[PDB]
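Input: a single structure, listed below in structure tokens.
Derivation of every value follows stated rules applied to the coordinates shown; laboratory data play no part. No Cβ is skipped: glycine too gets one built from the backbone with ideal geometry, and neighbour counts run over all protein chains shown.
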RNA sequence: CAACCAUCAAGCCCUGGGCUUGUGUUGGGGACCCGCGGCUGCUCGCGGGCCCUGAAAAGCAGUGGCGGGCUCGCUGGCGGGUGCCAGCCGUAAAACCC
């Protein structure tokens, strides 16, 4: 219902384009921790997969 | 404030609460009696039953006029009937 | 649709305090000198959202003017996913007059008596087709864009 | 980039068939109301006391 | 001048002929109207076709009246596309669809007596069908003398 | 005291009943 | 602006009214009342916006068009038939002596040359009727209460009574008295 | 002509969808 | 009318009914809810009356009842639904008090007309009630109201129509119903339950129930002969001058002729 | 967009049980059985029986007229038409209305 933050949407665009390394680096820069970056990439990835299934 | 409350009830559609509001109102269309209590002011106005008898001229004349007259919105048939009694 | 829903909701409006105390006194005097479950419209944000989560609700009505709007943002979506038909009506004031209050945020119909099974189902079908699909084709977009003449000229000059 | 994109209902596209909570329904939802029972009893007390 | 044809289904009882005329004319000019009924017993079968002068006002009426709960009936008012528009869609337009008491007449031709030649024709038909009945009923194991 | 049935039939002054002692 | 709910409601009202009118027309016009002619005062109330031709002509004969109109009438065979025909629009019953006296005294108007003047003067009353045996307003009152041969002329002369609209105050034999003080 | 018919049809639609009162 | 030919025709038709029932259904494929005995049973055999002129008279068209010497009703597992004018509570009180043997067992439901109008105005509801209950009784004060409360699918279509009863001894319904006493009510109800119904159609053709195939041919013959006498003597106008063909017919087979 | 038939009547038999006059019912579909009218005939109507059906839905509208209205002429009168009547009946005509 709420949507995505600007950085979350940026990482979504990066993951859709396939720049996984760039998305991980951007998430780390925005969050400050490798574990948080990995986790956020994980939720965003399942969101992308769920959107693909829904479409 | 009580007509404000009965308008509240009528606008909201609460027929039952409107009925209790008009019960509390004791309106002189069903009532046939005065809407207000004037005993204290009539006491102040007429210190003596002699003065009451003196004003009975206009009182009786005007009430007999109303016994003869038909009813309108301001003067209900019930209150005219009570004047006749 | 608003009028028909209001008709059914009024036929199921909750008991007011005067008549509730009156029926309590009725029962007390009966004890001095046999019923079924009351069916009434359910009101209250938390109560209605729990009812929807438990899928006990048959129809959901939502005020369009809840001045903390976050109280409602998730409610149409949760109704959609749950499956219960939902609609958004004008006036938390009308919700509060359907109930005997000043204002209500959400109104739920869960179960009604036998005589109005038919009209309950007919109202449900009417809403879930004629408002649900109509605002379902176009609800995933962004609104606004009502710029006037002066707005257009100002934007052109900018 | 489209600034303001249409929302995709990835999660709500699937209707959930079943209620969330498995907590058993308490007896009070199928038995009459003891709250009104106690209120009626208090009213009976008041009537007896006049 | 392109007329607009709109088909209205799930008609509540009584919202039929002058009702559609009045309400859709209160929208705008109506050139033709026809609510289809049943020839056996005069009664509408709950659907109708109307023809407005303008397809644009037809579209307006369609979207404003399409999903509309009236007396428990959810009407369906949708624009008949100009591609099909069957030529004989308004053959009985603007005329009564009168309630003809076919049962009453049939009984009354029965109650008028006939002529002797007609009577003997009826006797011949009746005896032929008696013979056919006897033929088909013998296999059951019954034979009627009369 | 005045009686309603006789008043309705038209007793008027005759409708009322007066008792000297309470 | 007027809506399909109103179209449907009006059509069904007309259909049911036509059906009921045909029912009475086919059935024998025999009411469960003694053959004696009675006196009944009838007040019409707005029941349906549109009225069928037979009730419209009956209401034309009874001159009850303007709002809250009432009039006295003879209970006989043809009048009972007309009343049963116009049943939804009229509310009727036996008047009281006090009721008729109060009605005539409070609200009384005379019809002369298509003019509606109040019953202020017995001189006006007699300049109007004069030779039929009426001598005053009380004479008209007694004629109406105890019908005589001049009842039709008296009914024609008296203007239909315009009762005040009440604020909340089929056939019933007696409650018309309560209703007449209610609207009076 | 056509504009007037469109305007009256829009007015009828507005009256049917939102009412006439206020 | 001749009883020997009537009896032999009924014998032959019933025998053909047993053969048709015993004949396996051609797809080599069987049922659950129909044993062969019950399949033979519960099959209506009736008689159709064809006359020579239109039956215009309204109360000739009206449904009537005939006291059949053996009760037309099976009284085995069917349910009868009765319609009441006023105190629903009182008539449930009466059915709960009076008679436990057969009225408990055949009276499935009883509904006040007000409750019927409130609860069953839906076409779905009326169709469901029609399918649910097996035979219907209603009071003469309610018979004329039924055509509007119950739709065509209940009244016009099928012979399963309410039978008039008299809940009349000789207004506030909470105060007191005006009804004739309970044992005599039960007698009237048993007469109605066993009393063959006769509905007349405006045209020259009608059909009257006479029995079920599981009975025996002499019972069928006596029942049909009494039905014939009652119909020819009480209902049909121009008693013997308008009379015509009587066909004895089974469920799905042909009909056997008798002439009058 | 409420409710609003007689929540019992009137007349009868053989006076105690009943009988009689009290018209009223959504529309469809099935590759099911029967009766009567017609069709030279297939078939079509009317009436039944057994099923499916959210108060569901995509032309198939066909049988004769009285009056009334909108008309075309001749002299307010008379004669031919009408996918016209929120009016009637059933083959005639009447009724209604004014």
Can you name the residue in region I:151-164 that is surrounded by 15 or more Cβ atoms within 10 Å (Cβ to Cβ) and near RNA strand J (Cβ under 6 Å from one of its atoms) and, of all such residues, is farthest from the other protein chains (Cβ to nearest Cβ)? I:155
Residue set C:56, C:32, C:21, C:36; condition more than 30 Å from residue H:18 (Cβ to Cβ), within 11 Å of another protein chain (Cβ to nearest Cβ) and surrounded by 14 or more Cβ atoms within 10 Å (Cβ to Cβ); output residue C:56
Please enumerate the residues belonging to region E:5-35 that are in a strand (DSSP E or B) and over 18 Å from residue E:98 (Cα atoms). E:5, E:6, E:7, E:8, E:9, E:30, E:31, E:32
So, in region A:11-35, of the ones that are touching a helix residue (DSSP H, G or I) at 6+ places or on another chain (Cβ under 7 Å) and under 15 Å from residue A:47 (Cβ atoms), which residue ends up surrounded by the most Cβ atoms within 10 Å (Cβ to Cβ)? A:11
On the basis of being near RNA strand J (Cβ under 8 Å from one of its atoms), closer than 15 Å to residue E:76 by Cα and out of contact with any helix residue (DSSP H, G or I) (no Cβ under 8 Å at 6 or more places or on another chain), does residue E:10 make the cut? yes
Total residues in region E:122-142, condition in a loop (DSSP other than H, G, I, E, B) and closer than 16 Å to residue I:245 by Cα: 0
Which members of chain F meet the condition of being closer than 21 Å to residue G:175 by Cβ and exposed (fewer than 10 other Cβ atoms within 10 Å of the Cβ)? F:4, F:5
Tally up the residues in region E:65-121 that are more than 6 Å from RNA strand J (Cβ to nearest atom), assigned to a helix (DSSP H, G or I) and within 14 Å of chain I (Cβ to nearest Cβ), please. 6
Within region E:107-115, is there a residue that is more than 30 Å from residue C:121 (Cα to Cα), under 25 Å from the mean Cα position of the chain (by Cα) and surrounded by 11 or more Cβ atoms within 10 Å (Cβ to Cβ)? yes
Among (1) part of a helix (DSSP H, G or I); (2) surrounded by fewer than 14 Cβ atoms within 10 Å (Cβ to Cβ); (3) more than 7 Å from RNA strand J (Cβ to nearest atom), where does residue G:35 come up short? (1)
When you look at residue G:43, is it away from every other protein chain (no Cβ under 14 Å), more than 9 Å from RNA strand J (Cβ to nearest atom), within 17 Å of residue G:93 (Cα to Cα) and out of contact with any helix residue (DSSP H, G or I) (no Cβ under 6 Å at 6 or more places or on another chain), yes or no? yes
Would you pick out the residues in region D:1-33 that are surrounded by 11 or more Cβ atoms within 10 Å (Cβ to Cβ) and more than 10 Å from chain C (Cβ to nearest Cβ)? D:10
Provide a single number: the residues in region I:62-90 that are loosely packed, with under 15 Cβ neighbours inside 10 Å and either near RNA strand J (Cβ under 9 Å from one of its atoms) or assigned to a strand (DSSP E or B) (or both). 1
Restricting attention to region G:109-129, which residues are surrounded by fewer than 16 Cβ atoms within 10 Å (Cβ to Cβ) and out of contact with any strand residue (DSSP E or B) (no Cβ under 7 Å at 6 or more places or on another chain)? G:111, G:112, G:113, G:114, G:115, G:120, G:121, G:122, G:123, G:126, G:127
Region I:231-256, residues that are surrounded by fewer than 17 Cβ atoms within 10 Å (Cβ to Cβ) and outside any loop (DSSP other than H, G, I, E, B): I:233, I:234
Looking at (1) within 11 Å of another protein chain (Cβ to nearest Cβ); (2) within 8 Å of RNA strand J (Cβ to nearest atom), which is the only condition residue E:54 fails? (2)
Given region B:1-57, what helices (runs of 4 or more DSSP H) lie entirely inside it while holding 3 or more residues that are within 30 Å of residue C:99 (Cβ to Cβ)? B:2-12, B:15-25
If I filter region E:13-36 for residues that are crowded, with 19+ Cβ neighbours inside 10 Å and within 8 Å of RNA strand J (Cβ to nearest atom), do I get at least one hit? yes
Counting only residues that are within 13 Å of another protein chain (Cβ to nearest Cβ) and within 11 Å of RNA strand J (Cβ to nearest atom), how many does region I:213-251 have? 8
Residues of region I:165-189 being part of a helix (DSSP H, G or I), more than 9 Å from RNA strand J (Cβ to nearest atom) and surrounded by fewer than 17 Cβ atoms within 10 Å (Cβ to Cβ), in sequence order, are I:182, I:183, I:186
Among the helices (runs of 4 or more DSSP H) contained in region I:98-149, which hold 1 or more residues that are within 12 Å of RNA strand J (Cβ to nearest atom) and farther than 28 Å from residue I:170 by Cβ? I:113-119, I:123-132
Sole exception among (1) surrounded by 12 or more Cβ atoms within 10 Å (Cβ to Cβ); (2) under 30 Å from residue G:105 (Cβ atoms) for residue B:58, by number: (1)
Does any residue of region G:49-61 turn out to be exposed (fewer than 12 other Cβ atoms within 10 Å of the Cβ), more than 8 Å from RNA strand J (Cβ to nearest atom) and under 22 Å from residue G:73 (Cα atoms)? yes
Being over 21 Å from the mean Cα position of the chain (by Cα), part of a helix (DSSP H, G or I) and farther than 13 Å from residue I:255 by Cα: is that true of residue I:33 here? no
Those residues that are within 11 Å of RNA strand J (Cβ to nearest atom) and in a strand (DSSP E or B), I need them from region I:190-212; list them, please. I:197, I:198, I:205, I:206, I:207, I:208, I:209
Quick check on region G:1-23. Is at least one of its residues in a helix (DSSP H, G or I), touching a strand residue (DSSP E or B) at 6+ places or on another chain (Cβ under 6 Å) and either within 11 Å of RNA strand J (Cβ to nearest atom) or at positive phi (or both)? yes
If you take the residues of region H:9-22 that are out of contact with any helix residue (DSSP H, G or I) (no Cβ under 8 Å at 6 or more places or on another chain) and part of a helix (DSSP H, G or I), which of them is farthest from the other protein chains (Cβ to nearest Cβ)? H:18
Enumeration of residues in region C:86-115 that are within 14 Å of chain E (Cβ to nearest Cβ) and surrounded by 18 or more Cβ atoms within 10 Å (Cβ to Cβ): C:87
Out of G:98, G:111, sole residue that is under 24 Å from residue G:165 (Cβ atoms) and within 14 Å of chain B (Cβ to nearest Cβ): G:98
